[PDB]
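All chains are named by letter (A, B, ...) in the order of the sequence lines, taking the proteins before the strands, and each is independently numbered beginning at 1.
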Amino acid sequence: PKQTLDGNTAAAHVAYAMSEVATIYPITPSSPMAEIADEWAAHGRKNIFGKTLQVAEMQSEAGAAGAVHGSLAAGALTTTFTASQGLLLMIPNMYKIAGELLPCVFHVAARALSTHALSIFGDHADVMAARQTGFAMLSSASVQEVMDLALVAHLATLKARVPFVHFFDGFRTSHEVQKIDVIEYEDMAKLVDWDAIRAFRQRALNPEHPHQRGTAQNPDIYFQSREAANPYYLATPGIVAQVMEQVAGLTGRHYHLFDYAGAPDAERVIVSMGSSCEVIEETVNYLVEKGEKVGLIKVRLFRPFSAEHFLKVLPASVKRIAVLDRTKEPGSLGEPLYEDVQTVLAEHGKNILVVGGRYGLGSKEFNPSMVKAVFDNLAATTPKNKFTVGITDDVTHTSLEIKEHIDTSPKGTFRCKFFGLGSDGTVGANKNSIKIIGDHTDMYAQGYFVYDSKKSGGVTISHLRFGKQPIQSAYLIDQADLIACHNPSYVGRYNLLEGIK
Amino acid sequence: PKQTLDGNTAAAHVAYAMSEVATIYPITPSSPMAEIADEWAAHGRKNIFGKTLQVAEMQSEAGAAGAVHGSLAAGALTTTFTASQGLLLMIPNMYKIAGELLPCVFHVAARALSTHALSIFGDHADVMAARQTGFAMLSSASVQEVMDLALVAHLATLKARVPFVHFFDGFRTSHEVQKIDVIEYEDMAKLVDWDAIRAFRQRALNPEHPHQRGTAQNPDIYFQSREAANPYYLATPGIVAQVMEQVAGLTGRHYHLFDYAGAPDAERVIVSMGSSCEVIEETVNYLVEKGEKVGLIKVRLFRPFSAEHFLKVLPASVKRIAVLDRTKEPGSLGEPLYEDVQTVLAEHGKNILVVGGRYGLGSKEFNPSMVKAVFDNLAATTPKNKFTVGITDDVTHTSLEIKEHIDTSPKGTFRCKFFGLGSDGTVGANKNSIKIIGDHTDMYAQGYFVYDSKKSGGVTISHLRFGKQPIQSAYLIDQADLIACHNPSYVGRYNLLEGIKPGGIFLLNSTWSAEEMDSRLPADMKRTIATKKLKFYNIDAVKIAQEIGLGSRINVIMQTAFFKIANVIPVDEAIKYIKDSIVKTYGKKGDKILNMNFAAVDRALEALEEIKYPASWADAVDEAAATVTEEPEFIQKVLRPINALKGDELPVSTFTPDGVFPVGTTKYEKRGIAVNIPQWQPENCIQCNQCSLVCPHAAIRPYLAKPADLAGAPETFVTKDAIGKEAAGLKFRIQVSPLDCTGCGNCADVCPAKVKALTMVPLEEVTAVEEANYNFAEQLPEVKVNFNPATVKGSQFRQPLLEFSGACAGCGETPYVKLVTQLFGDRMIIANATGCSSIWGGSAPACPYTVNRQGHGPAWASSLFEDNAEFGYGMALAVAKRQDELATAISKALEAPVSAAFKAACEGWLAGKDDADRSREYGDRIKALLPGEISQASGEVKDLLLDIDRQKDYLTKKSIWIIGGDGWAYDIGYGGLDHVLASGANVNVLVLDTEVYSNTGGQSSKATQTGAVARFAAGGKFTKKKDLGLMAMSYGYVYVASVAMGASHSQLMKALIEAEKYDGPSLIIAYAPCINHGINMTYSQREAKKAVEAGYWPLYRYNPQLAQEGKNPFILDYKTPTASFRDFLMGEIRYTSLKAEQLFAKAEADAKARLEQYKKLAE
Amino acid sequence: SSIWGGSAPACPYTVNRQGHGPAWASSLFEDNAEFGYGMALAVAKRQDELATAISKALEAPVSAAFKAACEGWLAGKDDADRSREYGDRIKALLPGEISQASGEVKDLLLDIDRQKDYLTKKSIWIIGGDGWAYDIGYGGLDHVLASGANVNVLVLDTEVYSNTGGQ
Ligand SMILES: Cc1ncc(C[n+]2csc(CCOP(=O)(O)OP(=O)(O)O)c2C)c(N)n1
Ligand SMILES: Cc1ncc(C[n+]2csc(CCOP(=O)(O)OP(=O)(O)O)c2C)c(N)n1
Ligand code: SF4
Ligand code: SF4
Ligand code: SF4
Ligand SMILES: [Mg+2]
Ligand SMILES: [Mg+2]
């Protein structure tokens, strides 16, 4: 059926169905996943095993991670929800869970790490800090993809024995409300490898068929023992690809380890990950229709990085590539996705100019005008490398100049902004309006809400979209058809009518 | 000056001079840094600020990292030392320390991360997991570079405001002893940027010029604020380069961000990091001299990666590059350094074929032959990418072929190997020999020491090198000029003479004469001695030590024999240096002990005998090997080759992909290391089985048998009539396992008979007899007996499911765990924290946990040091879920057309699934009816029965046991332990309280008492012992008990059964005597008796069930002590070394206040 | 307490007329006790560096009134009231004492003036909620209390996770 959900609920919907245990510890913006899963169990929702999910809160995410390890090693399918500093505390146990080849899915609302300052907002800094744990990493770019790819990760991890991090952009996707196609629990159970679940049960710690795990090893066998898991990692791309085809036959939506969008003869291509892919594809449609030879490669399966599947969707006409990383590794030669793209192209002798940049740190806005600036830099005689987009770097001069303002929203999309007062009911009403419009029309409906740190009396700005076409606008509203001001004090204080058509 | 140090001491030397505060938490192999820094402070060593360094131990590396952050923000220069899992826990604060641009140096002895298995050994996995924190990363390749680059990091971080990780290869460099140039503290202070220090003080948190840091930021400014630190990272390469110029002018040793070595016109170049650079450069010199155009780029500054400094040292003729990473990122396109090199070369349009490989994981050997294999792969038509070196990967075929063996050791380098026994003095003497040679000659000196997993009686192999040229050989010795065997038992057991050069020296310690050599030495050893024309020397060092009065200590004797034949220095000079070291080691022992060691030197010179062997030894032929017994595949293919020191030859296809091991494999070891074993006196035995209870290795057990079963018994298998109404008509015998006994002597001390029924006799005299006795007792059939398991005697007739572990002789920990398996081992799951209990409980490839005749036994798992409570908590959730799935299928069977007896057993199980006895009774009934019930069913009903059979291993209720040491329970895992106890889950926590960190050598813990001396508490611990039991009692619904087996057997039995039957969280704090206490391990049980009698250790039981019955939950099991508290402290070295009087008085006052408080809770 | 206490760009902690007021820092959720513990060690180190320079001033040709305030401060550096009393006396005598000095004595007085912000004994306050003290940071809080350090821990017990909505 069609329902209006946010990313967190879409992920919890699938995680609840596919798991028996959930050991959790709350952290924004991932805790709504654990909260709504706790409510469903209290209301008696059954998973595909006919029972309610058991939610156990620990003293920290470190305690949660250790509990996952013990629950998995003893024979219970276990999931968890975390982000940012919480994901960091789980990293030590992630090495164990991957090392022991235990099926598992971590659902992460990717959030910035505390550096010069704390930030509750979204980027991939937390996920990138765990890219060496041996977990597989699957990125979903929209609420619909959170629904679909959460199922992919849960199905794939059972087959591959490699645990998965399924991550989606914090707030920008985790709190974005969208009308999506919801996959029935009965249909999930029809795709599960039940043989793989039973084999997982046979390996469990049990005194009636005992074993020892987690030994300490000398230099004589440790290296060999670490390489003994290579076949499982070599097989994980093909397993994910086949699981994606199962979902394709069920839903009609075709995912690949790497997806391509844009001109078949594109010469400038952006490689990106997460919700930025939505913004870029919307911009690419606008530019391709204008005659520009541009394209986009969406990274779904970040780890294991399959060179075969990346090159499979890279058009032969590509001469210049801009890679966008939603993270910062200070002092590094480049950010992770940029170094992956640079490496794979060198390993295959491709003469392609590759350039890397950073964007969207701490939920920094990333809109189509920034996407064109990235494309414009690829068209320059000397493209700027190691750049930034969305800020003005007047110290080290890394930022790209936003030359012109473009409006790439598909025509026929209604756009509304609502300026509200803290806890005056505006956000709640707009959510109900999205549900009303989504449930009773054929239109896609989208909602995103800008909050303040103050619990009472802050400014809230709701961004709502409705259209006959899928809404890929993972950015704030540019040209509003309707603007509502629910507080007379704002008149003369804020630029309410800014950008109204 | 020149001193012989290891990497850890070299690093601590600079860190101590440059720092005011050091907040630490111990972890191998980085903890020696914090230990020696604590010792220097204890003796008043001054840093460059004229003060002693303040060393503070935290509860974990997370607590250490937070303390570093706070100390830095408040204006103190602060350092720390860590590695591996410790570095992981510091990563969250590393983001903050870098984000706030605080000068700092983390010194890391790089160690592998715990994945499919724990590994204390060296690779870059830990450092690579932090490469995105914003710390700078500086790599040291040798002990000399640890000294130099530690200074570079401390100097550069003040100027750059970017904190540094200065890391060096764990063990391979941190524990490698080398003679190096040591930088004077006064010279360090002349290079320090004192303006940069003062500016750091001005930025400090201070109420007279306050500021705010660590704010929370919205999306509007967070990105810009994060990029504002770019100038500091852009400037760090130039700053590090300039500091390297300061150190160069002071020392003459020139470092660069990237250094090049090899042919100026090289076409094949290796890019690498750490001690591998030493091995590669030595190989490059050898190959370049032979005409090959090869080179090497050493990565010093890994972060920030400066493209300008990398390309400047890359020769223009390079066509092919192999990048070597000492880490593995599974599923990654490539490892980190390979991706950096590939990226930078692409950014500058270099047409260079780049290939990446992995090496040296977990201290895997990386020698010149492997280096050439990497160079040969660059010379192939199609170089293999994503390769491995040092292993045979027959599954995924990533390993490079080691074609030929090369010797790249510089000519004139002397090479020696010493095969020693655990704690026989060999390693200590070799360290002293390196100090002697380094201090008194112009030669470079190098030492590396290979240790064993066995704590007592293990094999040690020392690797020593001396030469006129710098020693870059960061690998084991291949061709030895001299080989010494300090244990004659190794003759015929290990390949001692492997790779010895023709005409080399073989020194042997044995009582065998030249004529007995023909019969005692194996044929292969005689062949090597003759063909290579070795100088064979022998010495009866034990005879010398006996006659002088030194007992069996041969360390001084064997060291004297080495210098006598090695021809490394003048023999007369060596004798003086040895006696000078004897004065330094035995000067405080007394005048009598001194002259005995002087006599050891003198007599050792005259007793060394050259063995004139016949030339016909070269033609000797191996004797026909006996018909070997058919052993299981794992024992034959895995365990034997590993114990034969051949585990490196095992290919990848040998191992499971997830680190899963079988149980019950220690019974194949049969080490036979005991000097004395208990001999049973049948006439004095009262059949009490207390000897079986206290044995730390389950080497002595009682055996019952019907008289018919004693048919094929040897004549020496003397038995006695069985005492007790349960064993009427049976025979009784106390039998010892001679090859598994350790000779500790606890069983003879516990034997309560009038005349001792167990007497210690030498093993060799009775070994042939008792082996036949044990082999018959072990094959005896099972005897159904109705002895009460709640008694000491009745529990010991149950089979021990923990046997023959690697714990020390007389260990105070294993008897507790052994007893738990005898009570509930049939149905228990163990979550074991890192520590001693995980080392003797789970060191590959042998598992001391075993199964009974039905194949049932404890399932064992170890996760981390910090997560053990939550680890077992997760197990409890899963087991409950699996029992729920089983219960659902059984309830469906009630609606199915099945036999009435099946429904009767199903209803009985459903009503008692949560009771241990009832779930087994009705569970076993269902198992007996299942094969016949399935045969009589068909269709969907047959499937319903097949689903019950699929889950029949959850009918019996399980017993979750969370086992760990006091360091886990009181410190790093206390927060998790507190939460699991508060949760109310039905888990049983067993804390083996040794009051120290026993595994890592004896560091301080919160369980350490007042006045006790341990590492990080050199002057004695001032604060009293934290009362873990008292805090757990505050919840009220937690079963808490304090036990001590040596003090009261019945109190231990009572608390264990009460804790396990309690439907809730249970905490057992067990007093575990340890070798670190400084006591005679023969009387380990007796020391626990004096502990309770002196008020040092309490015995109580807190039962929440008594509160619901209207009774007092707290029961004080020992109210009035009869022994002196001050006298118990005098019986352990850990308290006598303080003599100081103020701490003894404080310890007694705390014991009286704790005892009086327990009287208040009971009254 | 960190959201209303330290959300950029506004800081609610302020200074008095002399410009003195609480210095505020937030590290992580789990490390706050050990965080403040490290601050306590550092401040003690900074007072020791100042106290060493003041003892050298007793051995220097400086005014008798300057030596009297130094002896009073050295005797009361660990008391809040006494360290402020003699500390402010040193601050009042420093500009005139530096004016009458030269050479190494002038450098020694300038070194006192460089560290005069540690004359008054500091008061370390470790502030956090019940979620920090009872759960994620309890192990660190337990250790810092057991250490015996002179720190002041303030647990704002709301009996819930107030910031994150009430968990
Ligand atoms: C996070 C982490 N820090 C440090 C270590 C190193 N380490 C393992 S066990 C141990 C001490 C064990 O002490 P205890 O818990 O008392 O067990 P015991 O050896 O005394 O029986 C240490 C320091 C580690 N494995 N992980
Ligand atoms: C490692 C980590 N885990 C979780 C979080 C999310 N988080 C921050 S504060 C907080 C709860 C605050 O509770 P409390 O300590 O009682 O303070 P209060 O807001 O109620 O005053 C949580 C769950 C985090 N920032 N870091
Ligand atoms: S001497 Fe020690 S190891 Fe040997 S049987 Fe007796 S208690 Fe066991
Ligand atoms: S302790 Fe002595 S009396 Fe008791 S069973 Fe053992 S040998 Fe017999
Ligand atoms: S606890 Fe002590 S006696 Fe037991 S194995 Fe460890 S070091 Fe040896
Ligand atoms: Mg201990
Ligand atoms: Mg609170």
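Counting only distance, with no hydrogens or angles, the side chain of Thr80(A) and the backbone of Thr23(A) share a donor-acceptor pair below 3.5 Å. Under a 3.5 Å cut-off, the side chain of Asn1112(B) and the backbone N or O of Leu1161(B) do form a donor-acceptor pair. The main-chain N or O of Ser805(B) is found under 3.5 Å from a side-chain atom of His697(B) such that the two form a donor-acceptor pair. At distances below 3.5 Å, not a single donor-acceptor pair connects side-chain atoms of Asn689(B) with backbone N or O atoms of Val792(B). Remark: the backbone N or O of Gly841(B) is paired with a side-chain donor or acceptor of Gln212(A) at under 3.5 angstrom. Here the side chain of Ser838(B) pairs a donor or acceptor atom with the backbone of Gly835(B) at under 3.5 angstrom. Without hydrogens or angle criteria, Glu870(B) side chain to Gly66(A) main chain gives no donor-acceptor distance under 3.5 Å. Between the side chain of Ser1066(B) and the main chain of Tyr1039(B), no donor-acceptor pair closer than 3.5 Å is present.
For NZ of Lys903(B), the number of neighbouring non-hydrogen atoms (other residues, nucleotides, ligands) closer than 6.0 Å is greater than 12. Within 6.0 Å of atom CD in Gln951(B), more than 12 heavy atoms from other residues, nucleotides or ligands are found, so the atom counts as buried in its surroundings. For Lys1054(B), the NZ atom counts as loosely surrounded, since its 6.0 Å shell holds 12 or fewer non-hydrogen atoms of other residues, nucleotides or ligands.
You'll find the side chain of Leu990(B) reaches within 4.5 Å of the side chain of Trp961(B), heavy atoms only. In this structure the side chain of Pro848(B) reaches within 4.5 angstrom of the side chain of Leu802(B), judged on heavy atoms. The shortest distance between side-chain heavy atoms of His1049(B) and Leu1052(B) does not fall below 4.5 Å. Between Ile890(B) and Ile948(B) the shortest side-chain heavy-atom distance falls below 4.5 Å. Counting only heavy atoms from C-beta outward, the side chains of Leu77(A) and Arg201(A) approach each other to under 4.5 Å. The side-chain heavy atoms of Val68(A) and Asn93(A), taken from C-beta on, include no pair separated by under 4.5 Å. Inter-residue side-chain proximity for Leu205(A) and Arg213(A) is flagged as met; some heavy-atom pair is nearer than 4.5 Å. Two residues are said to be in side-chain contact when any heavy atoms from C-beta on lie closer than 4.5 Å; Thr821(B) and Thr850(B) fail this criterion.
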- For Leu944(B) and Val898(B), run side chain to side chain contact (heavy atoms under 4.5 Å, CB included): C-alpha distance rounded to whole Å, both residues' side-chain angles, the deciding distance at 0.1 Å, then the answer. CA-CA 11 Å; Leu944(B) 176 52; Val898(B) 295; over 6 Å; no
- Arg701(B) vs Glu803(B), salt bridge (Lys or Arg N to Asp or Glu O under 4.0 Å): CA-CA, chis, key distance, verdict: CA-CA 11 Å; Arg701(B) 305 178 195 186; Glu803(B) 61 185 11; 2.8 Å; yes
- Output, in order, the C-alpha distance, side-chain angles, deciding distance and verdict of side chain to side chain contact (heavy atoms under 4.5 Å, CB included) for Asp915(B) and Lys957(B). CA-CA 7 Å; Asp915(B) 180 73; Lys957(B) 186 182 185 183; over 6 Å; no
- Query: Could you walk me through whether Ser862(B) and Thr834(B) pass the side chain to side chain contact (heavy atoms under 4.5 Å, CB included) check?
  - Reply: CA-CA 7 Å; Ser862(B) 178; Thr834(B) 309; 4.3 Å; yes
- Please lay out, stage by stage, how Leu877(B) and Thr78(A) fare under the test side chain to side chain contact (heavy atoms under 4.5 Å, CB included). CA-CA 10 Å; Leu877(B) 302 177; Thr78(A) 311; over 6 Å; no
- Please assess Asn47(A) against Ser19(A) for the test side chain to side chain donor-acceptor pair (under 3.5 Å), listing each intermediate value before the final yes or no. CA-CA 7 Å; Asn47(A) 56 18; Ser19(A) 305; over 6 Å; no
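The nearest pair of heavy atoms linking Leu1099(B) to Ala1044(B) is CD2-N, 3.6 Å. For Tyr970(B) against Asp993(B), the heavy-atom pair with the smallest separation is OH-OD2, 2.9 Å. In terms of heavy atoms, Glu813(B) sits closest to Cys836(B) at OE1-CB, 3.7 Å. Across every non-hydrogen atom of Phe200(A) and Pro103(A), the tightest pair is CD1-CD, 3.4 Å. The two residues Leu955(B) and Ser919(B) make their nearest non-hydrogen contact at O-CB, 3.3 Å. Here the shortest heavy-atom pairing between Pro858(B) and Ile830(B) reads CB-CD1, 3.9 Å.
None of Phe1114(B), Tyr1102(B), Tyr1118(B) except one satisfies the ring pair (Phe, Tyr, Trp, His ring centres under 6.0 Å) rule with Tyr1158(B); the exception is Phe1114(B).
A donor and an acceptor atom, one from each side chain of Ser899(B) and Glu933(B), are located under 3.5 Å apart. Side-chain atoms of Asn746(B) and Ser1084(B) form no donor-acceptor pair, as typed in the model, at a separation below 3.5 Å.
Shown here are the salt bridge (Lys or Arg N to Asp or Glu O under 4.0 Å) partners of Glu208(A), two or more places apart in sequence or in another chain: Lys927(B), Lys958(B). Taking the ring-ring contact (aromatic ring centres under 6.0 Å, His included) definition, one finds that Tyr974(B) meets it with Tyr138(C), sequence neighbours left out. Looking at residues two or more places apart in sequence or on another chain, you find a ring-ring contact (aromatic ring centres under 6.0 Å, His included) between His69(A) and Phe871(B). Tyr1062(B) meets the ring-ring contact (aromatic ring centres under 6.0 Å, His included) test with no other residue; sequence neighbours excluded. With sequence neighbours excluded, the residues forming a ring-ring contact (aromatic ring centres under 6.0 Å, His included) with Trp1097(B) are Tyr1071(B), listed by chain and number. Under the salt bridge (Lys or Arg N to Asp or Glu O under 4.0 Å) criterion, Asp658(B) pairs with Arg161(A), not counting sequence neighbours. Looking at residues two or more places apart in sequence or on another chain, you find no side-chain hydrogen bond (donor to acceptor under 3.5 Å, both in side chains) involving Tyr1037(B). Among residues two or more places apart in sequence or in another chain, the side-chain hydrogen bond (donor to acceptor under 3.5 Å, both in side chains) test is passed with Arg853(B) by none.
Pairs passing the salt bridge (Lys or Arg N to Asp or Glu O under 4.0 Å) check and including a residue from residues 1097-1111 of chain B, sequence neighbours excluded, read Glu1058(B)-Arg1101(B), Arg1101(B)-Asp1117(B). Sequence neighbours left out, the pairs with a member in residues 815-835 of chain B that pass salt bridge (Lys or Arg N to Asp or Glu O under 4.0 Å) are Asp826(B)-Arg920(B), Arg827(B)-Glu1060(B). The list of ring-ring contact (aromatic ring centres under 6.0 Å, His included) pairs with a residue in residues 778-798 of chain B, not counting sequence neighbours, reads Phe787(B)-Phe797(B). Within the structure, the side-chain hydrogen bond (donor to acceptor under 3.5 Å, both in side chains) test picks out the following pairs touching residues 877-887 of chain B (sequence neighbours left out): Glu20(A)-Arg882(B), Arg882(B)-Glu885(B), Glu885(B)-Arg950(B).
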